[PDB]
Every structure is written in structure tokens, then in C-alpha cells.
Amino acid sequence: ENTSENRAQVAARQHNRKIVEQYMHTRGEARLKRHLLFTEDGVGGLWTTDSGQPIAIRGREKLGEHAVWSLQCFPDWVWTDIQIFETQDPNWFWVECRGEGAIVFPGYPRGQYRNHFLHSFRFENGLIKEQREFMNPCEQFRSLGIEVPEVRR
Amino acid sequence: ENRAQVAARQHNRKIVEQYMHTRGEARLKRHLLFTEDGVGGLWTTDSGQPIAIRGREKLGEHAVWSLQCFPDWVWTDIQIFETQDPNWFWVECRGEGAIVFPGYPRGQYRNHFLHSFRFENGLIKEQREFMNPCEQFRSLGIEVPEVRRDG
Ligand SMILES: O=C(O)c1cc(Br)ccc1N[C@@H]1CCCNC1
Ligand SMILES: O=C(O)c1cc(Br)ccc1N[C@@H]1CCCNC1
Ligand SMILES: O=C([O-])c1cc(Br)ccc1N[C@H]1CCCNC1
Ligand SMILES: O=C([O-])c1cc(Br)ccc1N[C@H]1CCCNC1
């Protein structure tokens, strides 16, 4: 039905999608300004770690600071094979993609990291309130030369 | 068009609901939700290769084994995401239950999961589970390395 309320939901979804697109395509020195796509108190980070607990970066300015470190850790990172999924919630999107780049972590040899990824993006007032990355940490272990435990099946 | 797609999405959504709430002995018949050539399985493994179970009858054979390995498994905290494709859904949930593998001490496995469901003709054509394999290592008493993350 073509009502004001359905139009507002569609418009929100359309603006939000453009922001998810911009986010996934941000490369190089532009990564230092990606934090500006977040709400002041927005959160980003990695939900799948070896420890089992998320590594959550809280607040737009914290996200900006961490982006400096990750530009050294992942100096040429690119996302590839990007698929964006809109949902019933105009303020919630999922993304499936791959990613590849050098990995340069303190205390490890320099490596090449490739993985498959799922991302969750929640919006409030047109800016990103929560971004969460999901991946298989065993692939990152391989990239760092960390022996991967194996489950006998 | 738009009416057929809304119906397709509603029908598929009920199948995702049914799949997610299937517990106990009913797990032996969940394969019936799949196309004859449907694939299900685990996309996040220690090897980096998926464990892909191809075909409705293979899916049913594998459910007998997983009922021994995960005898009381339950999915919780279920959130279903519809998409712009009426035949593609994502689910975010938790899951827990005893884990009883050959050759490892019996444990209690809990994880956070994302599931992908793609449909064809109102049945499941592809289901993929994504989780953190490190939590499954822990459940089995397998040592997990620690990545130095410092700051
Ligand atoms: O790509 C960025 O600019 C970025 C920014 C912050 Br802040 C944290 C991590 C980042 N990149 C990694 C690349 C490898 C996969 N995990 C995400
Ligand atoms: O739940 C089932 O009936 C089931 C059926 C098949 Br065939 C394969 C695995 C199954 N369960 C595991 C439980 C732990 C998390 N991954 C899925
Ligand atoms: O490893 C990841 O893909 C990752 C993801 C987000 Br999000 C934040 C930091 C990440 N890695 C850090 C580890 C410590 C050195 N700096 C890079
Ligand atoms: O480990 C999982 O969560 C899992 C998921 C899917 Br799908 C199929 C089989 C699984 N595990 C097997 C391992 C060997 C003993 N039988 C259980």
C-alpha cells in the first residue's frame, strides 16, 4: 500500500543501504573517516574471536582511533564478493562477503589473510548504531602461522 | 508478481520457523523440509572446508548420527530475518546441548550461530550454519591458541 508510513520505511531502507554500500567499499586512507558513518555512541567490532568474547569498540571517536591501528595491521584490505541483504527492519542489514589482505600483527610474521565474513549493521537516525563482524577464526590462525586444532570427525 | 512473492515469503518463513523449533525425535524427519537435492551443513570448520551433506536422503541419514552426538540440542534466542529475496532468509540464534563425540570427553557445547536458508519451490535448497569453531574446541577439551591482541 502507497501510504506516508510505507514511504518513510522505504526511504529509510534506501538511505541505510547506501551507507552499508559506502562502508563495504571504503578502502585505503578513506578508512580513517569511516567512523563518521556511526552514531556518536555507536559500536563496531569482531564478534568471533579465539577467546569466545566479542571485541567491541564503543563510541564514534574510539572507532576512529582504532582505524589508525588497523590501517597498519591490515594495510591493503579489501572486501570482495559483497552481497547486501535488506531485512523486514529498515534499520537492520546483513552482508555476506569475502575479504583479503596482508596481515601484520605485532609478534607474528607478516602474512596473507583471506576469510569469509558475515556482517550485521543496525542503524538509528540514518547512522550506524552497531556493526558486528562474524568470521571463522581458524582462517586467521593460519594466516598468522598459528597451528590449528583439529576435531577428529 | 508482488502478491506471489509476499505469499512465497510467508510460506518460506513458516518453514524456517518449523526448522528452528524442531527438537528431539522430530529431528529425524527434518530432512523432509529440503528439496530432494537439498544441501545442509556446517560452513565454519577447523579445516576451512564446509561439511556439506547433499541430498534429502543423506540429510536424513546424518540426522540419525547427530541425534547421538547432540542428544538434547536446542536452538534458543531465535531471530528470523526476511530479505529482499522471498527465497532467502538469515537466522541469528544461540544453541546448546550435550556434545558426545567419539574419542572426546562428553561436554556441554554452546555457541552463537548464523544460519542461511535458500528456498526452491517452498522447500529448503541450501542451509548453511556459521559459528565460531573455537567454542566447539572448548566444549571437547581441545586447547585453543590465543591471538595476542594487546590494543
Ligand atoms: O578495515 C578497516 O578499516 C578496519 C577498521 C577497524 Br576500527 C577495525 C578493523 C578493520 N579492518 C579489519 C580487516 C580484516 C577483517 N577484520 C576487519
Ligand atoms: O540438529 C540436528 O538434528 C542436526 C542434524 C544434522 Br543432519 C546435523 C547436525 C545437527 N545438529 C548440530 C547441533 C550442533 C550445532 N550444529 C548442528
Ligand atoms: O583481527 C581482526 O580482523 C580485527 C577486527 C577488528 Br573489528 C578490530 C581489530 C582486529 N584485529 C586487530 C588485532 C590487534 C592488532 N590490531 C588489529
Ligand atoms: O559439529 C557440528 O556442529 C556438526 C554439524 C553438522 Br551440520 C553435522 C555434523 C556435526 N558434527 C558431527 C561431528 C562428528 C560426530 N557426529 C557429529
# chains A, B, ... in the order shown; residues from 1 in each chain; ligands from 1
$ interface_residues --of "chain A" --to "chain B" --cutoff "10 Å" --atoms "only C-alpha atoms" --output "PyMOL selection string"
chain A and resi 47-53+55+66+69+84-89+92-94+105-108+115-118+134-142+144+146-153
$ residues_near_ligand --ligand "ligand 4" --cutoff "6 Å" --atoms "only C-alpha atoms and all ligand atoms" --output "ChimeraX atom specification"
/A:153 /B:41-42,65-66,69,101
$ residues_around --residues "residue 124 (chain A)" --least-positions-apart "2" --cutoff "10 Å" --atoms "only C-alpha atoms" --output "VMD selection string"
chain A and resid 12 16 38 to 39 42 90 to 92 122 126 to 130
$ write_last_selection --atoms "N, CA and C atoms" --output "compact mmCIF listing (two decimals), in the first residue's frame"
# COMPACT_ATOMS: atom_id res chain seq x y z
N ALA A 12 13.95 5.16 4.44
CA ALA A 12 14.97 4.81 5.45
C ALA A 12 15.83 3.66 4.96
N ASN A 16 19.83 3.93 4.32
CA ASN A 16 20.67 2.97 5.10
C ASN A 16 21.50 2.06 4.19
N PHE A 38 28.96 6.31 11.86
CA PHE A 38 28.38 5.85 13.10
C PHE A 38 27.72 6.92 13.93
N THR A 39 26.82 6.48 14.80
CA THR A 39 26.21 7.33 15.81
C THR A 39 27.28 7.63 16.82
N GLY A 42 27.97 4.81 18.83
CA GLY A 42 27.92 3.54 18.07
C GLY A 42 29.08 2.61 18.39
N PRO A 90 13.83 -1.85 8.46
CA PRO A 90 14.58 -0.92 7.66
C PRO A 90 15.88 -0.46 8.28
N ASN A 91 16.09 -0.65 9.59
CA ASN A 91 17.29 -0.27 10.26
C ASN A 91 18.24 -1.48 10.56
N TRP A 92 18.04 -2.60 9.87
CA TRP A 92 18.91 -3.83 10.11
C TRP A 92 19.22 -4.46 8.74
N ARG A 122 23.15 -2.38 12.26
CA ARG A 122 21.93 -1.77 12.81
C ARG A 122 22.08 -0.28 12.79
N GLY A 126 19.59 7.14 10.66
CA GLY A 126 20.44 7.16 9.49
C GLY A 126 21.95 6.95 9.70
N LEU A 127 22.37 6.61 10.92
CA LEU A 127 23.80 6.36 11.12
C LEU A 127 23.91 4.95 11.80
N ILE A 128 25.10 4.40 11.77
CA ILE A 128 25.28 3.02 12.22
C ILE A 128 25.43 3.04 13.73
N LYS A 129 24.51 2.37 14.40
CA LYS A 129 24.49 2.23 15.86
C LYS A 129 25.30 0.99 16.31
N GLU A 130 25.28 -0.07 15.50
CA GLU A 130 26.03 -1.32 15.82
C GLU A 130 26.42 -2.05 14.55
$ atom_distance --atom1 "CA of residue 100 (chain B)" --atom2 "CA of residue 32 (chain B)"
25.3 Å
$ select_by_dssp --residues "region 21-102 of chain A" --states "alpha helix (DSSP H)" --output "mmCIF file with N, CA and C atoms, in the first residue's frame"
data_model
loop_
_atom_site.group_PDB
_atom_site.id
_atom_site.type_symbol
_atom_site.label_atom_id
_atom_site.label_comp_id
_atom_site.auth_asym_id
_atom_site.auth_seq_id
_atom_site.Cartn_x
_atom_site.Cartn_y
_atom_site.Cartn_z
ATOM 1 N N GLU A 21 26.629 0.202 1.683
ATOM 2 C CA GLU A 21 27.439 0.146 0.472
ATOM 3 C C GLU A 21 28.718 0.964 0.630
ATOM 4 N N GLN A 22 28.600 2.176 1.147
ATOM 5 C CA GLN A 22 29.771 3.034 1.342
ATOM 6 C C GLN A 22 30.765 2.387 2.305
ATOM 7 N N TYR A 23 30.220 1.844 3.354
ATOM 8 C CA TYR A 23 31.065 1.212 4.369
ATOM 9 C C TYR A 23 31.875 0.077 3.729
ATOM 10 N N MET A 24 31.210 -0.812 3.000
ATOM 11 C CA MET A 24 31.899 -2.011 2.465
ATOM 12 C C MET A 24 32.897 -1.656 1.388
ATOM 13 N N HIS A 25 32.702 -0.502 0.764
ATOM 14 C CA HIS A 25 33.626 -0.103 -0.293
ATOM 15 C C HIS A 25 34.727 0.850 0.149
ATOM 16 N N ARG A 60 31.929 6.562 18.497
ATOM 17 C CA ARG A 60 32.461 7.068 17.240
ATOM 18 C C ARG A 60 33.968 7.429 17.323
ATOM 19 N N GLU A 61 34.420 8.157 18.331
ATOM 20 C CA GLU A 61 35.831 8.545 18.394
ATOM 21 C C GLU A 61 36.814 7.409 18.696
ATOM 22 N N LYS A 62 36.398 6.454 19.538
ATOM 23 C CA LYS A 62 37.145 5.231 19.739
ATOM 24 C C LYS A 62 37.285 4.494 18.412
ATOM 25 N N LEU A 63 36.197 4.417 17.647
ATOM 26 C CA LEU A 63 36.260 3.684 16.355
ATOM 27 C C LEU A 63 37.287 4.348 15.440
ATOM 28 N N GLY A 64 37.316 5.677 15.477
ATOM 29 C CA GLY A 64 38.286 6.427 14.660
ATOM 30 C C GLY A 64 39.720 6.169 15.042
ATOM 31 N N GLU A 65 39.958 6.107 16.342
ATOM 32 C CA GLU A 65 41.310 5.765 16.828
ATOM 33 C C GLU A 65 41.745 4.392 16.420
ATOM 34 N N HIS A 66 40.843 3.404 16.551
ATOM 35 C CA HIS A 66 41.183 2.016 16.207
ATOM 36 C C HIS A 66 41.408 1.830 14.734
ATOM 37 N N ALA A 67 40.817 2.691 13.921
ATOM 38 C CA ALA A 67 41.010 2.600 12.498
ATOM 39 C C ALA A 67 42.462 2.885 12.109
ATOM 40 N N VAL A 68 43.127 3.724 12.899
ATOM 41 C CA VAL A 68 44.583 4.037 12.645
ATOM 42 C C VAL A 68 45.429 2.764 12.806
ATOM 43 N N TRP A 69 45.153 2.010 13.871
ATOM 44 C CA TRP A 69 45.863 0.749 14.149
ATOM 45 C C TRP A 69 45.577 -0.323 13.118
ATOM 46 N N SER A 70 44.347 -0.411 12.695
ATOM 47 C CA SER A 70 44.015 -1.399 11.704
ATOM 48 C C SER A 70 44.489 -1.116 10.285
ATOM 49 N N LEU A 71 44.765 0.141 9.983
ATOM 50 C CA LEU A 71 45.416 0.524 8.743
ATOM 51 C C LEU A 71 46.888 0.061 8.694
ATOM 52 N N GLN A 72 47.514 -0.091 9.845
ATOM 53 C CA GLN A 72 48.804 -0.794 9.882
ATOM 54 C C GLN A 72 48.692 -2.310 9.921
ATOM 55 N N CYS A 73 47.750 -2.837 10.713
ATOM 56 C CA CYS A 73 47.515 -4.309 10.779
ATOM 57 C C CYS A 73 47.034 -4.894 9.491
#
$ atom_distance --atom1 "CA of residue 103 (chain A)" --atom2 "CA of residue 36 (chain A)"
24.8 Å
